[PDB]
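Written below as structure tokens is the structure these notes are about.
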Ligand SMILES: NC(=O)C1=CN([C@@H]2O[C@H](COP(=O)(O)OP(=O)(O)OC[C@H]3O[C@@H](n4cnc5c(N)ncnc54)[C@H](OP(=O)(O)O)[C@@H]3O)[C@@H](O)[C@H]2O)C=CC1
Ligand SMILES: [Zn+2]
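Protein chains in written order, with the authors' numbering: chain 1R, 1 to 96; chain 1Q, 5 to 133; chain 1P, 1 to 342; chain 1S, 12 to 98; chain 1G, 269 to 414; chain 1C, 6 to 214; chain 1W, 14 to 128.
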């Protein structure tokens with residue numbers, strides 16, 4: 001979800017938004033900023049949480065060799081769905 | 005031992021004029037040495053064995069564009085190497101440069117006794133290995 | 001200063017000086033040199049261009065990456081100004097046409113647009129403004145060059161309270177159409193000037209002295225409101241220009257004191273060519289008119305910029321006119337013109 | 012003001028030249044201080060430095076005298092004359 | 269864990285009060301002129317100083333020299349140290365004379381009005397190492413802190 | 006050498022260069038300081054500065070050495086060593102298909118009489134050394150700045166010379182000519198500290214000096 | 014170890030000697046290099062440019078180095094005589110584009126953190 005600034009300046013996922021007083025905004029008129037509308041924060045948020053009944057789940061991320069190293073995910077935290085640092089896919093432990 | 009019309013040079017060598025560094029960069033440049041302290045997170049020691057020629061850091065203004073650290077200090081990126089401080093100062097004086105000294109960080113004697121870690125009337129007993 | 005407007009650097013190409021000098025109409029002479037000076041220590045000089053981008057292409061090399069931001073603009077369009085000076089912390093006016101165009105009445109080039117850019121800049125939120133007037137600016141003078149200059153000079157003065165108005169004398173440079181002009185009577189004819197030159201004393205000034213004046217006026221805070229006049233080091237009676245210029249170029253000296261009556265006819269005939277009015281009726285009495293002393297307003301000399309003599313650098317513009325047999329001749333072979341001055 | 016404000020000595024712990032002042036501040040130091048519940052003497056003792064004297068008079072008037080190999084009885088003479096003229 | 273403090277609330281420009289007494293961004297000339305004007309017509313006790321806690325000795329020398337040339341020799345500090353006696357006189361009165369590297373073999377340490385666990389963490393670390401190895405006996409007067 | 010990872014060693018010629026190294030050493034012991042060979046069958050005999058003439062004149066003319074193919078005239082700055090500049094020769098024997106290499110030591114000022122006589126190939130190399138490292142050579146026919154820019158300042162491969170340099174260039178309209186301003190980089194060279202603080206090779210380790 | 018090999022200057026006088034005709038050639042060199050290279054520089058400020066270059070480095074006393082600038086200055090002259098060097102190279106000594114670096118501590122202070 002891209003957000004706009006008061007001067008109509010759409011913000012990027014990093015949060016950069018040049019204010020009106022910034023002289024560095026003059027390259028922006030007559031032209032445009034390229035904004036990755038697919039904000040990386042919310043195309044992972046809508047992804048569901050898979051249910052695997054094990055204490056440690058591999059996280060290859062699909063594609064076999066095409067993915068991220070198979071860092072093993074610890075699954076015993078009931079209050080925290082264990083997510084992978086590489087791909088961010090949240091993994092869960094069946095509700096006992 | 006090298007007798008070919010040798011000149012008895014009694015004055016310290018000053019090759020500063022040949023290298024042709026800018027005049028603002030030979031006087032307004034404090035040049036310092038020390039033997040690097042070991043990176044505390046890394047227990048390895050095979051880096052604190054050499055002296056180096058490093059300089060003073062000038063200003064680093066952010067670029068008007070995307071934001072690279074634009075610098076105008078050519079001498080900043082000049083980390084040299086030196087086996088001993090005597091050779092380090094020899095380079096420093098040979099092209100006479102405003103310099104300071106620093107003493108080699110020398111380890112102390114770690115009196116280690118694994119038998120001490122367990123004791124009867126001594127308090128160095130360790131509760132958990 | 002603003003969060004990023006704060007200056008930084010050793011005055012290099014990629015050093016931010018914090019001055020955002022949107023110059024108006026920089027595609028010629030003084031515009032070329034000021035941006036060269038503006039871009040030397042690094043500055044976001046937004047140049048609104050109106051001609052073909054090709055003719056503006058040569059302004060690119062004198063700016064760092066993302067510095068010379070050419071912007072489309074039109075004189076009539078009110079919003080055209082407001083977009084190019086919206087974020088510019090300083091505005092340097094340079095608009096004006098020394099010759100005439102049917103669509104651009106001579107009133108406009110010194111009254112309409114100069115007023116049309118001064119009020120928007122003050123409405124935008126700028127700090128400074130520099131509109132370039134003439135050292136001889138005088139409406140009552142028969143010079144439409146002077147007539148339009150003076151009225152526009154006070155309009156921007158009235159519109160902009162901090163309007164640091166500059167009134168340079170007859171500037172000279174590589175493309176000044178003043179030195180290369182005065183070399184051109186040999187090509188055109190027998191030097192049809194008035195009264196053999198013994199009726200007009202002028203004080204030419206080298207452009208870099210002028211351009212260094214504005215940038216020094218930029219850093220000077222007290223320059224606001226004050227109306228500095230940029231004057232050369234020495235004056236020069238008109239005849240001395242003609243013989244000296246014909247000397248530093250090794251041209252056949254053919255002076256002729258053609259009176260003002262017939263010399264006015266050749267002005268319109270030079271405007272007849274519907275591509276460029278080489279010489280105009282305004283330019284007829286423009287050179288006949290002499291330069292007033294104007295001693296009360298401060299000059300560049302007290303501003304830190306000295307004045308370079310004309311005879312110090314002439315062939316730098318005039319070696320092009322020197323023929324092959326004498327292209328190698330410098331100042332020293334040529335006698336200096338009689339310094340009719342203070 | 013003609014009066015001295017900070018009378019600064021600079022002596023060494025081991026220097027034989029500093030031995031004279033070392034004897035000075037061993038016996039007559041307390042007498043010098045109790046006579047002056049006011050403007051003090053600044054010792055700032057150091058190592059391997061020739062004994063040295065700075066007189067920080069008022070209104071930026073400073074001057075130095077050397078005391079290398081100078082006995083305790085007459086280093087008091089030396090400070091006496093500089094502090095003699097103070098009013 | 270103090271680098272982030274460098275970035276928060278950092279003074280960058282000569283900061284002076286406007287006609288409303290509100291601090292505003294001004295060039296160095298105005299700030300220099302403001303201070304210079306009000307120091308020329310003030311001498312002696314009219315000028316003084318309050319030393320902070322994290323200012324190097326180089327500025328300390330400069331501020332001593334600046335005040336003394338005005339004859340404003342009232343170079344005051346923040347941490348009040350009793351002037352009575354030979355406090356400023358003898359260096360011994362305001363020094364850790366035994367040195368942190370020397371406190372190892374001390375049998376008993378009489379800490380006076382101190383909480384070195386937080387007052388000087390490195391000092392407390394050295395006692396603890398000497399406490400564990402050299403059988404150092406510490407003794408603290410005042411609060412029964414940990 | 007059943008394992009295919011490491012390269013096999015070759016001992017028959019390995020002993021041959023050492024025998025030839027002693028053979029050269031005995032003939033001219035006035036100038037050979039020390040001679041040695043490495044694992045990769047590369048022998049190096051070390052000469053004194055004023056020895057550029059006869060040692061190469063030896064290898065160029067000897068009936069049993071006849072090393073005539075001049076390979077390269079390199080220099081290696083070592084700031085620690087007093088004679089930091091180390092002029093390195095390299096010769097190839099056509100008949101005996103071997104590569105001799107002689108190197109000397111030289112200060113910034115101390116010259117070397119030009120070895121263009123033994124090998125005129127060195128002449129064109131010799132220009133580069135004074136351009137590239139800056140060591141002047143005595144009685145050289147024409148020892149010129151040939152590879153660096155016109156009117157350059159200093160010697161770029163002295164390890165005290167910045168990688169970026171000292172002067173940058175741009176075309177300036179107000180002079181209509183290229184002006185050499187001092188360098189002002191858009192981005193600073195992000196140096197990388199690439200030195201593992203653990204022992205790399207116990208073999209070549211320097212003992213406590 | 015004070016006794017070392019000399020290049021050309023066995024003594025100070027020979028170092029003083031070589032500087033002499035080096036200036037003799039270079040003093041005879043300024044008027045024409047301007048003339049051929051079409052430099053807009055009068056002969057006079059060309060001549061004393063060589064002058065203050067000459068004592069911009071005339072302070073060192075070691076005889077081994079002084080003649081090294083002699084040959085360095087010697088061959089900087091050779092490269093100029095035969096139109097190898099161009100307009101930018103001759104002008105390069107005549108520093109133009111950069112503003113004067115600061116003179117008073119006030120000017121050092123106002124520019125930036127640089128000393
Ligand atoms: N000796 C002299 O010549 C002196 C001149 N002046 C004044 O200084 C000003 C600049 O001089 P100089 O740089 O030599 O002049 P040039 O003719 O070389 O350049 C004039 C500039 O004005 C711009 N301009 C003028 N009118 C318009 C318009 N209606 N719309 C858009 N752009 C316009 C031109 O843009 P474009 O090229 O696209 O048309 C061009 O960039 C002029 O007003 C001149 O009269 C002042 C004192 C002395
Ligand atoms: Zn994953």
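For each residue, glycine too, the CB sits at the ideal point set by N, CA and C.
- By the Cβ neighbour-count rule, residue 63 (chain 1R) is exposed, with fewer than 16 other Cβ atoms within 10 Å of its own.
- At least one heavy atom of ligand 2 sits closer than 7 Å to the Cβ of residue 61 (chain 1R).
- Using a CB distance cut-off of 8 Å, residue 45 (chain 1S) does not count as an interface residue toward chain 1G.
- Around the beta carbon of residue 155 (chain 1P), a 10 Å sphere encloses 16 or more other beta carbons of the protein chains shown; the residue is thus reported as buried.
- By the rule that beta-carbons nearer than 8 Å mark a contact, residue 48 (chain 1W) touches chain 1P.
- Here residue 202 (chain 1P) is buried. Its C-beta has 16 or more other C-beta atoms within 10 Å.
- Within the segment 270-353 of chain 1G, complete alpha helix (DSSP H) segments of at least 4 residues are found at 271-275, 296-308 and 325-337, given in chain order.
- Rounded to whole angstroms, the gap between the alpha carbons of residue 42 (chain 1C) and residue 39 (chain 1Q) is 33 Å.
- About 6 Å separates the beta carbon of residue 84 (chain 1P) from that of residue 46 (chain 1P), a gap short enough to meet the 8 Å contact definition.
- Residues of the same chain with a CB within less than 6 Å of the CB of residue 122 (chain 1P), apart from the 5 flanking positions on each side, are 160 in chain order.
- Cβ contact annotation for residue 190 (chain 1P) (same chain, cutoff 7 Å, sequence separation greater than five): 254 and 256, in chain order.
- Within chain 1R, no C-beta atom comes less than 9 Å from the C-beta of residue 63 (chain 1P); the nearest is roughly 13 Å away.
- A Cβ of chain 1W is located within less than 8 Å of the beta carbon of residue 40 (chain 1P).
- Taking one beta carbon from each stretch, the segment 36-49 of chain 1S and the segment 334-349 of chain 1G have fewer than 3 pairs nearer than 8 Å; the two do not touch.
- Pairing residue 107 (chain 1C) with residue 140 (chain 1C) gives a Cβ-Cβ distance that is not under 8 Å.
- Per DSSP, residue 250 (chain 1P) lies in no beta strand (DSSP E) segment and is marked neither H nor E.
- At a threshold of 7 Å, residue 97 (chain 1P) counts as near ligand 1, since its beta carbon sits closer than that to one of the ligand's heavy atoms.
- Excluding five sequence positions before and after residue 339 (chain 1P), the CB atoms of its chain that fall closer than 6 Å to its own CB belong to 234, given in chain order.
- Contact check for residue 64 (chain 1P) against residue 31 (chain 1P) fails: the beta carbons are separated by 8 Å or more.
- One finds 48, 49 and 51 in chain 1W with Cβ atoms closer than 9 Å to the Cβ of residue 328 (chain 1P), taken in chain order.
- When DSSP states are grouped into helix, strand and coil, residue 360 (chain 1G) belongs to the helix group.
- Taking residue 24 (chain 1R) as reference, the option from 92 (chain 1Q), 71 (chain 1Q), 46 (chain 1Q) and 106 (chain 1Q) with the minimal CA-CA separation is 71 (chain 1Q).
- Just measuring C-alpha positions, the residue of 181 (chain 1P), 11 (chain 1P) and 146 (chain 1P) sitting nearest residue 114 (chain 1W) is 11 (chain 1P).
- Restricting attention to 21 (chain 1S), 13 (chain 1S) and 35 (chain 1S), the CA atom closest to the CA of residue 82 (chain 1S) is found in 35 (chain 1S).
- Within the same chain, and ignoring the five residues on either side of residue 385 (chain 1G) in sequence, the residues whose Cβ sits closer than 8 Å to its Cβ are 392, 413 and 414.
- A distance below 8 Å separates the beta carbons of residue 96 (chain 1W) and residue 49 (chain 1W).
- In this chain, the alpha helix (DSSP H) harbouring residue 43 (chain 1R) covers 42-45.
- Not a single CB atom of chain 1R sits nearer than 8 Å to the CB of residue 8 (chain 1P).
- For residue 268 (chain 1P), the uninterrupted alpha helix (DSSP H) segment begins and ends at 260-272.
- A contact between stretches requires three or more CB pairs, one per stretch, nearer than 8 Å, and the segment 321-340 of chain 1P fails this requirement with the segment 22-33 of chain 1S.
- Where residue 38 (chain 1C) is concerned, the enclosing beta strand (DSSP E) starts and stops at 37-42.
- Going by DSSP, residue 103 (chain 1C) is part of no beta strand (DSSP E) at all; its letter is neither H nor E.
- Of the other Cβ atoms in all chains shown, 16 or more fall within 10 Å of the Cβ of residue 135 (chain 1C); this residue is therefore buried.
- In the three-state DSSP reduction, residue 10 (chain 1R) falls in the strand class (E or B).
- Within chain 1C, 83, 84, 85 and 164 have C-beta atoms less than 9 Å from the C-beta of residue 85 (chain 1Q), given in sequence order.
- Excluding the 5 residues flanking it on each side, residue 258 (chain 1P) has same chain C-beta neighbours closer than 6 Å at 192, in chain order.
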